[PDB]
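Have a look at input-v3.cif; it's mmCIF, C-alpha atoms:
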```cif
data_model
#
loop_
_atom_site.group_PDB
_atom_site.id
_atom_site.type_symbol
_atom_site.label_atom_id
_atom_site.label_comp_id
_atom_site.auth_asym_id
_atom_site.auth_seq_id
_atom_site.Cartn_x
_atom_site.Cartn_y
_atom_site.Cartn_z
ATOM 1 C CA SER L 676 97.295 90.451 62.797
ATOM 2 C CA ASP L 677 97.717 94.022 61.598
ATOM 3 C CA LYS L 678 94.003 94.698 61.075
ATOM 4 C CA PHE L 679 92.744 93.007 64.265
ATOM 5 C CA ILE L 680 94.114 95.506 66.784
ATOM 6 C CA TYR L 681 93.265 94.516 70.364
ATOM 7 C CA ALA L 682 94.497 96.271 73.495
ATOM 8 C CA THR L 683 93.929 96.923 77.191
ATOM 9 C CA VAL L 684 94.899 99.453 79.854
ATOM 10 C CA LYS L 685 98.677 99.674 80.127
ATOM 11 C CA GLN L 686 100.278 98.850 83.482
ATOM 12 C CA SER L 687 97.309 97.290 85.253
ATOM 13 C CA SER L 688 96.144 93.989 86.727
ATOM 14 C CA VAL L 689 95.308 92.456 83.344
ATOM 15 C CA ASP L 690 98.809 93.314 82.108
ATOM 16 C CA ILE L 691 100.274 91.376 85.043
ATOM 17 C CA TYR L 692 97.903 88.463 84.434
ATOM 18 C CA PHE L 693 98.825 88.238 80.748
ATOM 19 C CA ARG L 694 102.557 88.604 81.426
ATOM 20 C CA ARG L 695 102.394 85.813 84.016
ATOM 21 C CA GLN L 696 100.616 83.524 81.529
ATOM 22 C CA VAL L 697 103.634 82.047 79.750
ATOM 23 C CA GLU L 698 101.418 80.036 77.385
ATOM 24 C CA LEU L 699 99.590 83.182 76.230
ATOM 25 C CA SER L 700 102.797 85.247 75.976
ATOM 26 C CA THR L 701 102.584 85.062 72.170
ATOM 27 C CA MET L 702 99.616 87.422 72.481
ATOM 28 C CA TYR L 703 101.501 89.631 74.949
ATOM 29 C CA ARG L 704 103.917 90.554 72.156
ATOM 30 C CA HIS L 705 100.962 92.177 70.406
ATOM 31 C CA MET L 706 99.680 93.475 73.745
ATOM 32 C CA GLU L 707 102.761 95.609 74.408
ATOM 33 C CA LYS L 708 102.560 97.113 70.906
ATOM 34 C CA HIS L 709 99.244 98.898 71.552
ATOM 35 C CA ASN L 710 98.171 100.089 75.000
ATOM 36 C CA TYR L 711 96.256 103.009 76.480
ATOM 37 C CA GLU L 712 96.635 105.356 79.435
ATOM 38 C CA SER L 713 93.189 104.711 80.927
ATOM 39 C CA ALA L 714 89.959 102.819 80.334
ATOM 40 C CA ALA L 715 88.203 105.959 79.076
ATOM 41 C CA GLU L 716 90.665 106.365 76.203
ATOM 42 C CA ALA L 717 90.343 102.673 75.328
ATOM 43 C CA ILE L 718 86.537 102.765 75.256
ATOM 44 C CA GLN L 719 86.642 105.952 73.175
ATOM 45 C CA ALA L 720 89.017 104.213 70.756
ATOM 46 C CA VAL L 721 86.836 101.107 70.438
ATOM 47 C CA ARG L 722 83.829 103.397 69.979
ATOM 48 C CA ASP L 723 85.634 105.250 67.167
ATOM 49 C CA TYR P 736 76.000 72.524 89.312
ATOM 50 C CA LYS P 737 72.731 70.618 89.749
ATOM 51 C CA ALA P 738 71.093 72.524 86.888
ATOM 52 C CA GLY P 739 74.076 71.783 84.661
ATOM 53 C CA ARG P 740 74.012 68.080 85.511
ATOM 54 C CA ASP P 741 70.199 67.928 85.426
ATOM 55 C CA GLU P 742 68.728 65.970 82.520
ATOM 56 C CA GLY P 743 66.225 67.603 80.185
ATOM 57 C CA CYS P 744 66.917 71.020 81.776
ATOM 58 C CA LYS P 745 63.529 70.977 83.502
ATOM 59 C CA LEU P 746 65.022 72.934 86.430
ATOM 60 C CA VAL P 747 66.608 76.370 86.090
ATOM 61 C CA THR P 748 67.791 79.275 88.216
ATOM 62 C CA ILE P 749 65.680 82.420 88.052
ATOM 63 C CA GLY P 750 67.082 85.489 86.342
ATOM 64 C CA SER P 751 69.413 83.385 84.158
ATOM 65 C CA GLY P 752 72.050 83.227 86.874
ATOM 66 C CA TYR P 753 70.816 85.574 89.598
ATOM 67 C CA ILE P 754 72.879 85.763 92.799
ATOM 68 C CA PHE P 755 71.844 87.597 95.980
ATOM 69 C CA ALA P 756 74.386 86.791 98.707
ATOM 70 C CA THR P 757 77.377 87.052 96.295
ATOM 71 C CA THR P 758 79.753 85.577 98.855
ATOM 72 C CA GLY P 759 82.301 82.805 98.404
ATOM 73 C CA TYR P 760 83.901 79.584 99.640
ATOM 74 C CA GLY P 761 86.893 79.889 101.945
ATOM 75 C CA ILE P 762 89.102 77.477 103.886
ATOM 76 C CA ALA P 763 88.349 78.088 107.555
ATOM 77 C CA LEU P 764 91.319 78.405 109.898
ATOM 78 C CA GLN P 765 91.855 78.855 113.615
ATOM 79 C CA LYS P 766 92.313 82.422 114.815
ATOM 80 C CA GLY P 767 95.944 83.459 114.560
ATOM 81 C CA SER P 768 96.862 80.350 112.592
ATOM 82 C CA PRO P 769 100.408 80.559 111.162
ATOM 83 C CA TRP P 770 99.169 78.963 107.920
ATOM 84 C CA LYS P 771 96.858 81.824 106.900
ATOM 85 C CA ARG P 772 99.319 83.948 104.918
ATOM 86 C CA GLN P 773 100.819 80.968 103.085
ATOM 87 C CA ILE P 774 97.407 79.499 102.263
ATOM 88 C CA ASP P 775 96.165 82.869 100.984
ATOM 89 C CA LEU P 776 99.247 83.225 98.787
ATOM 90 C CA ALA P 777 98.753 79.680 97.485
ATOM 91 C CA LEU P 778 95.108 80.309 96.562
ATOM 92 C CA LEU P 779 96.015 83.603 94.887
ATOM 93 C CA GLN P 780 98.813 81.934 92.909
ATOM 94 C CA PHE P 781 96.451 79.149 91.829
ATOM 95 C CA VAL P 782 93.752 81.571 90.689
ATOM 96 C CA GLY P 783 96.373 83.689 88.913
ATOM 97 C CA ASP P 784 97.815 80.746 86.969
#
```
Could the structure of this file be written out as structure tokens, please?
Amino acid sequence: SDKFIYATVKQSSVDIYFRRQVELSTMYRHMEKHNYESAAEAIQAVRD
Amino acid sequence: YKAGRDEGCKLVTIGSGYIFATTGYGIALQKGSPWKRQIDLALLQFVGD
């Protein structure tokens, strides 16, 4: 959904795990839309 | 496992799931076994799927 924006660190182990999961690939379409350089930026974003 | 299958929950682990050794279960193999790489890849594929 547009309001529920969820993300993770781009180009990492979790990205590989989600891409491999064919059943969960419908979420991966959202996952590629929003991603962050590092964990610090992501935690700052969730904090803000 | 025993606490989960215990009836009445009269037994419990301290610390709500406290672990000290934090080691794991592995499939033992003979030294230099040719099956080690394949078995490791199989376990990793299983845990990744």
Could you list, as a PyMOL selection string, the residues of chain P having an atom within 12 Å of chain L when counting all atoms listed in the file?
chain P and resi 779-784
Which residues fall under the PyMOL selection byres ((chain P and resi 736) around 12) in this file, as a PyMOL selection string?
chain P and resi 737-742+744+746-748+752
Could you tell me which residues the PyMOL selection byres ((chain L and resi 682) around 7) grabs in this file, written as a count of residues only?
6
Distance atom CA of residue L:713-atom CA of residue L:684, one decimal place?
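It comes out at 5.6 Å.
If you look at atom CA of residue L:700 and atom CA of residue L:718, they are 23.9 Å away from each other.
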